[PDB]
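Read the structure below first, then the notes.
What follows draws every value from the coordinates through simple rules; no lab data is involved. Heads up, the Cβs are rebuilt from the backbone with ideal geometry, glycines too, and the neighbour counts pull from every protein chain shown.
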Amino acid sequence: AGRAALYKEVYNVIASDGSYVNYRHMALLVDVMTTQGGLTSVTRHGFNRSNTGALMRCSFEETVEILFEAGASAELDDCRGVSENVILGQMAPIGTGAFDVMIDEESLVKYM
Amino acid sequence: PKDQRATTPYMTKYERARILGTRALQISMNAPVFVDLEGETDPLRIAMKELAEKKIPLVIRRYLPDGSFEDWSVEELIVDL
Amino acid sequence: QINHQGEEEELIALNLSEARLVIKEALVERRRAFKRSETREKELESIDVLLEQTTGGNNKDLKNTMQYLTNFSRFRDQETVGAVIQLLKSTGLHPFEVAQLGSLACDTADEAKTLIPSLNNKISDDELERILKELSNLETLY
Amino acid sequence: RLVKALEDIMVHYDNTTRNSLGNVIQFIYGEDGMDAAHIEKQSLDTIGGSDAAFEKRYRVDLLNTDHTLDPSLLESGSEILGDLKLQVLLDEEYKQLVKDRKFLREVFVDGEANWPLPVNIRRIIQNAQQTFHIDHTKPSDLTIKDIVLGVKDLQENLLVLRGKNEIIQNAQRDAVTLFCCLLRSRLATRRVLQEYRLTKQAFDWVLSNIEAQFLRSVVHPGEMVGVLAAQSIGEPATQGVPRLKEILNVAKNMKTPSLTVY
Amino acid sequence: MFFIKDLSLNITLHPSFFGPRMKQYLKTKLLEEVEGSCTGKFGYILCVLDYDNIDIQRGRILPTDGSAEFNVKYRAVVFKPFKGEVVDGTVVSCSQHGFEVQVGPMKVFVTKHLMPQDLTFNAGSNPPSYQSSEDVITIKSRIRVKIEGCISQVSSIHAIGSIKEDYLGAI
Amino acid sequence: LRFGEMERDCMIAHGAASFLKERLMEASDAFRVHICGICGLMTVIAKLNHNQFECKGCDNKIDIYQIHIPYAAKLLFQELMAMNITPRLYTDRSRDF
Amino acid sequence: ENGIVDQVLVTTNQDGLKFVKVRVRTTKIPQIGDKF
Amino acid sequence: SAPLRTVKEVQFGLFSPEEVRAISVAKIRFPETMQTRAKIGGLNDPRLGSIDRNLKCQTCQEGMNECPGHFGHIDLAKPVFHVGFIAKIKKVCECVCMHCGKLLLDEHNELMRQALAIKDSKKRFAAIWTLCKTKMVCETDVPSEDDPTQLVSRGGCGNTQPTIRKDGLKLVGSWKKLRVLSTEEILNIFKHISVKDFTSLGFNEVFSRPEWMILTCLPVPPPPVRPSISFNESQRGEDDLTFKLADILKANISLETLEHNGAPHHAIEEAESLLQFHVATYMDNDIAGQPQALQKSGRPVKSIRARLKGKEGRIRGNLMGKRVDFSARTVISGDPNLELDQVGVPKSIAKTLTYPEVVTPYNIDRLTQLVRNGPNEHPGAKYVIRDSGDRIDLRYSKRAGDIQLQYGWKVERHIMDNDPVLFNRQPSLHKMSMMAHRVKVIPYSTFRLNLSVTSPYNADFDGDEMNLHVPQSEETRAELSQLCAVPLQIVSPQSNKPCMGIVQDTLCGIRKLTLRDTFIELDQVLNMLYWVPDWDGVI
DNA sequence: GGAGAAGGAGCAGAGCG
DNA sequence: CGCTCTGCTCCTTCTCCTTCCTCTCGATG
RNA sequence: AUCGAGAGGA
Ligand SMILES: [Mg+2]
Ligand SMILES: [Zn+2]
Ligand SMILES: [Zn+2]
Ligand SMILES: [Zn+2]
């Protein structure tokens, strides 16, 4: 019930100025703040205090403090995040990078 | 798991981008060319021509959330973009 | 142990003599792979011919290697090699231990114990005694 | 601040929305799996109007005089009138439309009859009319059987998902619930025969076009929806606004708490 | 000792080599690199079991450039020594402070310090073998050796042999 | 010119991953390093002239890999090591399936 | 920069350190893009 | 050389003090740097990152180009607290039985079994701390929950524990019967904690052991992390880290000297804090307490934390966003005679930005001519790259008329017509403000845009500046064109409406033109038809 | 200076003796 | 019903928190 | 060169 009420509140604020943004954009945002079984803010005490990759979290608003916790608990990052691959300088798993291309030798022979 | 692939048979615009870029890069590196040349020197443009005639010998490995994957041949994919 | 096909294959403690037979078979297949494009002296030349018609003569070190392994092969006749394989493996002997006995000369259980420390302690001497002279007779047949 | 929250949300090839950890945020993107670039406002005629007007615009009766189909509309005239088999089909269509009418009354309590839905049916039909200058002063060759079954056939091909299991199929039906209601509204037997006097060739062209249009409109996998949604809220946020700051930050201590009691 | 194991090697192909004839070429490139190789883990790599049925496993185009990766799996025949192992080898060369003997594909240095105390170098012989004891060991003769630990190197692999034992004597 | 945060946010929305990588690597900060498989620390002594490699503290000479990372990133890990944090980098995902 | 030397000044501070100042002048003509 | 791979996962942890010694290639002993040019072997020696022209870099040669630095080793006289974990040490010691190594509570208490059941390590540790912190005694005999009359003889010490308090950089414990806790004592306590307790406390056996939270030896970063400074006339002014390390060595040497010579107990106590102070400030020069390490110039010392923390640090200032080459910035201006996806690029810019085209049989002739023109002319190139990496510079050579190109060579071709380029109007508020256009070279120093494209950019021709980015790889060119090309964003997901449209005079003109009253004489019409490039020749 | 985390301190009721 | 014990409620502390670019200027080792 | 401060834009 809170989620739907949250959407209604956000929509009114945006619509009050006469602008218009598609429904799905709010739906995603309002959803994200509630997937954790509660009203998780998007501040330093909300989204940041997640269970995601530490290397990703450390770039938001607390960096050195987070790194210390990660070392102490020997946390591990799967590098599946976007920012993680940005730091490592690799192709992020997004858009053109969410899949792999391979060469089919069978078709290669056929194309002759 | 080629049987019962659950992904779309249409080529998402993103694979269209990478395939054209990828194949274009191969052509620029003097890779064998499958289609006849019509005076077309821009390596990207040949790739678009090749994609039109389904002469690109590449297969897309789409990944799923759990780490599994499905393989789609460029021939199989439906180009509607 | 596990192979790359996901099969839990145990360590293949392949014997010296049977190796050359596999190498022979493998080398013939290479020649066949080119084509579509026994006494120790006989086998030594036979493998020598196989390598020369399957390679470019570059790895002569391996040519010398296979020649010398043939010079010291003990169970050459593959058909009779199956006997020594069954004689040792049927007893549950550790395959690494199987490799040495099927690849090294031995006549007595004490001799087998003497050469192999792992056998000095827990091996059943009676089985070696029965097998070793059976293998010693088999070895003489070559 | 907003972007970092949603930075890692994307649509995977199974048409689901997950963050970097793989947690599922929305099982189907935007509750319809439809891209925002291929959606536009359209009317839902079945919601508004008086019940009599609704029945007049949709109900067809081949047996009575209240809603007789004018024989001049089609090459087949009295051959259709009196045919109980075709009457049964019309009853099924009207039955479904009645359910949609009362159903949508619950979805949209305020009665608004305009929402963004993919594939502009109205525009496609006009393109059909001008496609080969269909003569709207002569009887057509359509049959109620072709009209009714064609609509059902199209609904089957509106495939957003591909899983053959029941669970996926159940979502597939729920994915195109609202859109299919629109389709039935503007492809009803009466309206197509009277308002939009299409030929059989023209009608088949429209149906074949809608599916092609719809499939292109489905959201593409790998889309970085998260940031896209974050920016789309950030951009208008530059133009209330302190309230938005008061929202994104939970800030239990609000400025002007209030109630609305009915 | 000799073993059978499934080896995997990653080959990279330049795009120009993406003609139909690549498949045979890929196999050709595999054989030259794998055949006759050295390593501290598996020692010497001798040959590939099942030359055919090679698991090409599709070419993964590297995003960086046009070259593609090939994860090729295959059975291989390898030699791995073990401390205390017994080998019926032969003498390759004679020397004053030991002998160069042949152990599988491997060379073993049988130091005089690990030979019978009664066996002494005799420079007057040709080849310069030891004959001061009953263990006459020359290049043309046979020698069974005991591997006193393996000493692997980047370019090759060798070990230390011994003869001062109740076994692993001459011939 | 600074390709700041919002600049990369736009690329993410467009989904042009390859361009984003190209801007962050080919344009600047390109750097090749070596790493130990046993331990994920850039401690490899890369005797390129001799084609010799070693990770003192592991006595490893076979588990050496080449990795391309931003030069700026390379500092971050070193400073983290100076902080007594061990950013072990591994080229093989532990989770198989 | 692109211009000509207008006046070169040579002097010293109270510390006796020799200073050189060079005034270079050039004519700027309204081009495309100049703000007005 | 070695196999090429890609990073798959990152595992964090703490250095093992033995490992640090194993990693290091040289022990740092002297705070002194020099005499005139020779260097003390015990600090920043050639075995670390060598200075330019010195191909040692621990026998790695390659100068600074293709060789990183290597870490040093410092043996602290006494253990010191790690600043980042001081709070965590407080919690852990509040949970351990203080000279037993066991936990104040055990599995025989139902409350932990719920806590020990938590899969999340962090919450597990927090939940345990909330309970054990109230347990002020570790009695040996603990009554069993199943059998109240039966007790479990677990607590080894059987004594009480003091209330640990944070005192600056050290801990003070109030015994319920008060003294400063010894750093060495804590190390002993941690070394007595079983690996079973590590897991319950959220520690990893092989990556994070509680004892490792206290530093016994310091890794010394190599010069590249703290570069040699020669800003003035061969003046040092070394980076703060270099000077800060020297202070640590001075404190370390003094502490070792004092303890060794005469053991003036009280002096040792102060020297212990000084070493604790210098190392703490070195790692973090901003603590809760007053102590603020100041540089000789008077400014605060830039500790490691400052370098990373905050914007312009080592994360947001160099990793997330970084300065890039192959870019330009200038002033824009409208141009009706240019299509949407096009842009005007001044010759003065196109003559500088370059693209590494690859020589192939399909374009060797055109590239050859470009090299013949040379960088002086617009349609030319700057560099010819041989297969070996011989970056020939056409700017400083007459070889432009002599070089014969070879397949596989790269040519730094100038920007030419139709080459895609990515634009941006700072700030990049939303997606639409970053789009890809096509290049048409114009002879004046500004960027020409079609009027109607300013609506998405939110741009204005009152002097607004606008950036340009050039792709380099053939892959990126295709990726930009097929995803970021102007026409692909005509319809925006922002509001489901065409973001671009006819604006300003063109919009005003149309109203008059389509007005029912407007008629056009023949003479005028003939001109109009010709302007329409798509006219079919039919009047 | 604000807002949230954190830690002490006092208190009152429920069970105990 | 006092003793005790315990959790609850109250009441102070105690941190740590905000696009892009181009010029000039004084001051340090 | 950096840092610090300032002015001015987008
Ligand atoms: Mg402006
Ligand atoms: Zn290592
Ligand atoms: Zn070095
Ligand atoms: Zn204790």
If N is the number of residues in the stretch C:57-104, what value comes out of its Cα radius of gyration divided by 2.2 N^0.38 Å? 1.42
Whole-number D in µm²/s for the stretch D:124-262 (Stokes-Einstein; Kirkwood sum over Cα pairs; 37 °C, 0.692 mPa s): 169 µm²/s
At q = 0.17 Å⁻¹, what log₁₀ I(q)/I(0) does a Debye calculation on the Cα points of the stretch D:1-106 give, no solvent, two decimals? -0.90
How large is the Rg to Rh ratio of chain H when both quantities use alpha carbon positions and Rh follows Kirkwood? 1.14
If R0 is 45 Å, what FRET efficiency do you get for D:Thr131 and A:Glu106 from their C-beta distance, rounded to 0.05? 0.55
Starting from a Cα-only point model with no solvent, please compute log10 I(q)/I(0) by Debye for the protein assembly as shown at q = 0.04, 0.05, 0.06 1/Å. -0.37, -0.58, -0.82
Using θ = phi - 60° and the Karplus curve 6.51 cos²θ - 1.76 cosθ + 1.60, what whole-Hz ³J(HN,Hα) does each residue of the stretch D:208-222 get, with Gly and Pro shown as x? 4, 6, 4, 4, 4, 5, 5, 4, 4, 7, 5, 4, 8, x, x
Please report, in whole Å, how far the alpha carbons of the stretch H:42-124 spread along each principal axis, starting with the longest. 67, 32, 18
If you take every DSSP beta bridge fully contained in the stretch E:85-171, what fraction is antiparallel? Give it as a percent rounded to 5. 85 percent
Taking 7 Å along the Cα-to-C-beta vector as the label spot, tell me the H:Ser144-H:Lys119 distance in nanometres, rounded to one decimal. 3.2 nm
Using a Förster distance of 45 angstrom, determine the FRET efficiency expected from the C-beta separation of H:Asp464 and D:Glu106, and round it to 0.05. 0.35
With the convex hull built on the Cα atoms of chain A, state its orientation-averaged projected area in nm². 12.7 nm²
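Can I get the semi-axes of chain B's equivalent ellipsoid? Compute them from the C-alpha gyration tensor as square roots of 5 times the eigenvalues, in angstrom, largest first. Intermediate results must be reported in sequence, preceding the final value.
Working: eigenvalues 141, 29, 23 Å².
For chain B, the ellipsoid semi-axes come out as 27, 12, 11 Å.
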Taking the Cα centre of the stretch D:138-244 as origin, sum charge times position over the Cβ atoms of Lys and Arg (+1) and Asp and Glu (-1), and report the length of that vector in debye to the nearest 20. 380 debye
To two decimal places, what compactness ratio does the stretch D:79-203 give when its Cα radius of gyration is scaled by 2.2 N^0.38 Å? 1.18
Can you return the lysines within cross-link range of B:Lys2? Criterion is Cα-Cα under 16 Å, with same-chain partners fewer than 8 residues away left out. D:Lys164
Give the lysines whose C-alpha is closer than 30 Å to that of H:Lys351, dropping any in the same chain fewer than 8 places away, or say none. F:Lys21, G:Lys28, G:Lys35, H:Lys322, H:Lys382, H:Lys398, H:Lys410, H:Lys431, H:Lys440
Diagonalise the Cα gyration tensor of the stretch F:1-85 and give the resulting equivalent ellipsoid semi-axes, square root of 5 times each eigenvalue, largest first, whole Å. 31, 15, 11
Relative contact order of chain A (C-alpha contacts under 8 Å, at least 6 apart) in percent is 13 percent
Could you tell me the ratio Rg/Rh of chain D? Both radii from Cα atoms, Rh via Kirkwood. 1.06
Within the protein assembly as shown: Cβ-based charge dipole about Cα centre, in debye rounded to nearest 20 (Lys, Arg +1; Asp, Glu -1): 3920 debye
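Take the alpha carbon atoms of the stretch E:85-171, find their radius of gyration, then divide it by 2.2 N^0.38 Å using N residues; give the quotient.
0.99
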Can you classify chain E as rounded, prolate or oblate using the Cα gyration tensor, where a ≥ b ≥ c are the square roots of its eigenvalues, rounded means a/c under 1.5, and otherwise it's prolate if a/b beats b/c and oblate if not? prolate
When you take every Cα atom in the stretch H:388-479, what is the radius of gyration, and what is Dmax, the widest Cα pair distance, in Å? 17.6, 50
Among D:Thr143, D:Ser217, D:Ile121 the positive-end extreme of the charge dipole of chain D (Cβ point charges): D:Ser217
When the Kirkwood radius is taken over all Cα pairs of the stretch E:1-84, what Stokes-Einstein diffusion coefficient follows at 4 °C and 1.567 mPa s, in µm²/s? 93 µm²/s
Out of all DSSP beta bridges with both ends in the protein assembly as shown, state the antiparallel percent to the nearest 5. 90 percent
Run the Debye formula on the Cα coordinates of the stretch C:1-141, all scatterers equal and no solvent, and tell me log10 I(q)/I(0) at q = 0.10, 0.11, 0.12 1/Å. -0.41, -0.50, -0.58
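Going by a ≥ b ≥ c, the root eigenvalues of the Cα gyration tensor, does the stretch H:165-324 fall in the rounded group (a/c under 1.5), the prolate group (a/b larger than b/c) or the oblate group?
On the way: a/c = 2.10, a/b = 1.35, b/c = 1.55.
Oblate shape, in that a/c is at least 1.5 and b/c is the bigger or equal ratio.
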Which value, in debye to the nearest 20, gives the size of the charge dipole of chain H about its Cα centre, when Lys and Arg are +1 and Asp and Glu are -1 at the Cβ? 1020 debye
Check which residues have an amide H placed less than 5 Å from E:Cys47's amide H, if you skip close sequence neighbours. E:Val77
Scan around F:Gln66 for amide H atoms under 5 Å from its own, H built in the peptide plane at 1.01 Å from N, and keep only partners 5 or more places away or cross-chain. H:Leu4, H:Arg5
